[PDB]
Amino acid sequence: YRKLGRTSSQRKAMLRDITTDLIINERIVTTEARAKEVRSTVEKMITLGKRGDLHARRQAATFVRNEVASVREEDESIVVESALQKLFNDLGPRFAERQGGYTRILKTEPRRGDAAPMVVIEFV
Amino acid sequence: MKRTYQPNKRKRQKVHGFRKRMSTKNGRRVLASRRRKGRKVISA
Amino acid sequence: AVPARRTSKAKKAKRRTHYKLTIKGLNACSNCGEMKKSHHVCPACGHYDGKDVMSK
Amino acid sequence: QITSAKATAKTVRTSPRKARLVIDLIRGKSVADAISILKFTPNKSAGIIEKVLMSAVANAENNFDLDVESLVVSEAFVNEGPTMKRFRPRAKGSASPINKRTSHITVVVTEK
Amino acid sequence: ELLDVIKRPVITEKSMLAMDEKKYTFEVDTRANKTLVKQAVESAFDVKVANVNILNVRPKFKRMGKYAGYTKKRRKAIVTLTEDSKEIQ
RNA sequence: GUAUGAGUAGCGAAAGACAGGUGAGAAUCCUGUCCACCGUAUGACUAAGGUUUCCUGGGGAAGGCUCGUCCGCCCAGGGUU
RNA sequence: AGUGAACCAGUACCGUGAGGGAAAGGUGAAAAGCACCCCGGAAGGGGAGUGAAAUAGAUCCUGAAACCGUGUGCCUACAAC
Ligand SMILES: [Zn+2]
């Protein structure tokens with residue numbers, strides 16, 4: 001399952017960060033190994049967001065990052081959505097009637113300082 | 001790992017300076033041999 | 001271990017015959033014609049598989 | 001009428017051995033093919049040879065020639081330039097030298 | 001010698017602000033006093049002086065054309081007035 | 001002065017990721033957010049020693065073990081009461 | 001070579017110090033030292049011009065060898081040099 005140049009707790013930190021991005025942004029540029037490991041992790045989060053209940057919420061909250069916002073919203077207030085609240089109010093209901101496969105990867109180009117092959121991973 | 005050169009301003013003037021070279025008869029041999037060579041600095 | 005004899009020009013160049021570069025699969029885009037790497041997005045126009053991808 | 005045009009870059013700060021791996025990929029090609037081949041090689045010297053090739057083409061168009069569609073890469077080579085000399089400190093108080101090498105790069109294009 | 005003492009004024013951005021509190025900056029002679037400068041300024045403009053302040057400035061290494069060496073030394077005095085003014089431009 | 005060894009050894013303890021800026025060009029510069037490291041010190045002040053390295057505006061040939069739009073580097077002005 | 005030193009040399013540099021101590025001359029008769037245009041961030045180059053000559057363009061008289069390339073007439077994958 002792809003060690004990614006890191007120890008066991010740094011791999012977990014890095015994945016927890018890259019999947020909370022893409023929940024907040026829905027489209028991201030990364031290398032090609034990270035993108036595959038992340039497709040697996042993010043879709044595991046979406047099938048908990050579709051389950052809906054309290055037990056599923058507390059299961060996801062062990063993996064989604066906390067003090068991050070994702071706001072395009074104002075009726076009249078400063079009303080913030082929490083990137084776990086988005087998972088449960090927005091992204092689950094979106095993919096209600098689709099079975100697995102909520103993402104897709106495209107290949108672009110090697111990075112200048114590296115020759116690392118880069119990639120875009122998006123949702124629909 | 002302490003090395004040999006430890007800098008100090010007073011010591012350098014008191015051991016190697018102009019007045020120390022002027023107070024002995026062999027210091028003035030040094031100063032004359034340096035003036036005879038063309039040194040731009042004849043005494044520290 | 002140290003080289004006991006220097007190596008000549010012929011033997012150096014005979015070593016260096018598997019030391020080259022390759023330029024593998026290059027095709028023409030279906031949308032804009034210019035050359036591009038297969039299974040990749042086209043860098044000239046941002047089209048992959050007959051649709052627009054690097055736009056919003 | 002002359003049907004040929006050259007450009008050259010002098011004392012570029014890359015090594016002449018690595019620049020030769022890229023320039024053997026381009027010799028004898030049409031100018032149309034050489035540009036795309038250079039755009040998809042990620043080696044540092046690939047984009048420098050691109051500028052020299054594009055100067056050869058502009059010279060052909062403006063000073064003498066026409067017919068960008070007929071042109072072909074006929075000659076190409078990489079020579080050595082003067083080297084800078086440096087020293088890197090080693091273990092136990094000694095030091096060893098380091099060469100900073102340079103290249104002259106020249107491309108020629110003919111109408112065919 | 002009272003007329004070789006003051007050399008010229010200093011005109012920089014930190015010295016324009018001082019002219020608004022009644023303070024004036026001059027490059028003065030090395031070997032000059034706080035008191036001697038005060039006498040010279042009271043003589044050459046007919047003002048009344050409160051408080052000269054005085055500093056020394058180190059030379060700077062410069063290097064133009066593979067030849068290097070230092071600029072001059074400098075002395076800077078800042079003169080405060082009670083109530084009057086000098087017009088330099 | 002130039003080769004061979006050879007495009008080889010090495011690149012000097014350690015946690016980053018993404019979004020957006022600038023730009024000819026960005027893993028390496030700027031801004032943000034979360035994450036991680038020291039905390040009788042990897043925090044604050046000072047005597048030696050160094051001697052302009054300090055601040056502001058520009059630059060990218062060399063120095064920086066990669067890169068560089070950046071810098072204790074380079075050019076111009078200024079600062080110590 | 002001739003003074004260590006034909007050139008900003010008892011200098012740069014090395015050492016706590018006494019002391020040790022280098023490298024580095026030549027465009028053209030005359031700067032007439034390349035206005036203008038094109039590729040390029042620049043460097044560099046190609047035209048056009050100066051000039052008796054620029055492959056005399058400032059790394060500038062002549063321009064040997066080592067060493068590094070490009071093109072071709074002939075030979076070479078059963079052979080112990
Ligand atoms: Zn295309």
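Can you tell which of E:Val47, E:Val37, E:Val28 shows the greatest fluctuation in a Gaussian network model of chain E with Cα springs below 10 Å?
Judging by the Gaussian network model, the answer is E:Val47.
Where a Cα-Cα gap under 28 Å defines reach, which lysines qualify for B:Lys14, not counting those fewer than 8 residues away within the same chain?
B:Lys2, B:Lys25, B:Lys37, B:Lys40, E:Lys60, E:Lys73
Give me the inter-chain shielding for B:15-23: mean count of other chain Cβ atoms within 10 Å, whole number please.
Working: counts 0, 0, 0, 0, 0, 0, 0, 0, 0.
If you average over the peptide's residues, the count of other-chain Cβ atoms is 0.
Just from its helices, what would the mean residue ellipticity at 222 nm be for the protein assembly as shown, if runs of 4 or more DSSP H residues each count -39500 (n - 2.57) and the sum is divided by every residue, rounded to the nearest 500 deg cm²/dmol?
Values: 12 runs with 118 residues, N = 425.
So the calculated ellipticity at 222 nm is -8000 deg cm²/dmol.
For chain D, what is the convex hull volume of its Cα atoms per residue in Å³?
Numbers: hull volume 10.6 nm³, N = 112.
Convex hull volume per residue, Cα atoms: 95 Å³.
When only alpha-carbon atoms are used, what values of Rg and Dmax, in angstrom, describe the protein assembly as shown?
38.1, 107
Label chain B by shape, choosing from rounded, prolate and oblate, from the square roots a ≥ b ≥ c of the eigenvalues of the Cα gyration tensor; if a/c is under 1.5 it is rounded, and otherwise prolate applies when a/b is larger than b/c, oblate when it is not. If you can, show how the numbers build up before the last one.
Numbers: a/c = 2.76, a/b = 1.86, b/c = 1.48.
In terms of gyration-tensor shape, prolate.
Chain E: longest stretch without exposed trypsin sites (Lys or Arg not before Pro) (DSSP loop, at most 11 other Cβ within 10 Å), sites themselves excluded?
Details: sites that count: E:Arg31, E:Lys48, E:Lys60, E:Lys66, E:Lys72, E:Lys73.
Within chain E, the longest run free of exposed trypsin sites (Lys or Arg not before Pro) spans E:1-30.
Which whole number gives the average count of other chain Cβ atoms within 10 Å of the Cβ atoms across peptide D:36-49? It would help to have the intermediate numbers written out before the result.
Working: counts 7, 3, 1, 7, 11, 3, 7, 2, 1, 0, 1, 1, 0, 0.
Going residue by residue through D:36-49 and averaging, the value is 3.
How far, in degrees from 0 to 90, does helix E:34-45 lean away from the longest principal axis of the Cα atoms of chain E, to the nearest 10?
That works out to roughly 60 degrees.
Counting other Cβ atoms within 10 Å of each Cβ, which GluC sites (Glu not before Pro) in the stretch D:3-112 have at most 15 and sit in a DSSP loop? All intermediate terms of the calculation are to be shown ahead of the outcome.
Numbers: sites: D:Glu50, D:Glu61, D:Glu69, D:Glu75, D:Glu80, D:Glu111; in loops: D:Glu69, D:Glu111.
In loop regions of the stretch D:3-112 (DSSP not H, G, I, E or B), the sparsely surrounded GluC sites (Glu not before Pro) are D:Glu69.
Beyond 14 Å, what share of the Cα-Cα pairs of the stretch A:43-104 remains, rounded to the nearest whole percent? Walk me through the numbers on the way to the answer.
On the way: 1088 of 1891 pairs.
The answer is 58 percent, as a whole percent.
Mind pulling the angle between the C-alpha long axis of helix B:25-35 and the longest principal axis of chain B? Nearest 10 degrees, somewhere in 0 to 90.
The two axes meet at around 80 degrees.
Taking the Cα centre of the protein assembly as shown as the origin, how large is its charge dipole in debye, to the nearest 20, when only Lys and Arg (+1) and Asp and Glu (-1) carry charge on their Cβ atoms?
Working: 96 positive and 43 negative charges, 1353 e Å.
Dipole magnitude for the protein assembly as shown comes out near 6500 debye.
Which of the peptides A:111-123, D:31-43, A:90-102 is most tightly packed, and how do the rest follow, judged by the mean count of other Cβ atoms within 10 Å per residue? Please report the intermediate quantities before stating the final value.
Working: A:111-123: 14.0, D:31-43: 17.8, A:90-102: 12.4.
Descending packing order for the listed peptides: D:31-43, A:111-123, A:90-102.
What percent of all Cα-Cα pairs in the stretch C:2-56 falls into each 10 Å bin, going from 0 up to the bin containing the maximum distance?
So the P(r) values, bin by bin, are 20, 27, 13, 13, 15, 10, 1.
Using only the alpha carbons of chain A, determine the length spanned along each of the three principal axes and report them from longest to shortest in whole angstroms.
Result for chain A: principal-axis Cα extents of 47, 31, 30 Å.
In percent, what relative contact order does chain E have, based on Cα pairs under 8 Å that are 6 or more apart in sequence?
Working: 137 pairs, mean separation 28.0, N = 89.
Worked out over chain E, it gives 32 percent.
How would E:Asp20, D:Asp24 line up from fewest to most surrounding beta-carbon atoms within 10 angstrom? It would help to have the intermediate numbers written out before the result.
Numbers: E:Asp20 7, D:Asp24 12.
Listing E:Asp20, D:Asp24 from fewest to most nearby Cβ atoms yields E:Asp20, D:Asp24.
So for E:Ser85, A:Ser77, fewest C-beta neighbours within 10 Å to most, what's the order? Provide the component values of the computation, followed by the final result.
On the way: E:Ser85 10, A:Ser77 7.
Ordered from fewest to most neighbouring Cβ atoms within 10 Å, E:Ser85, A:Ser77 come out as A:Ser77, E:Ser85.
Test of understanding: express the Cα radius of gyration of the stretch D:36-97 as a ratio to 2.2 N^0.38 Å, with N the residue count. Write down the numbers at each step before the final one.
On the way: Rg = 19.9 Å, N = 62, 2.2 N^0.38 = 10.6 Å.
The value comes to 1.88.
We place every Cβ from the backbone using ideal geometry, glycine too, and count neighbours over all the protein chains shown. Throughout, read-outs are computed from the coordinates displayed, never taken from laboratory work.
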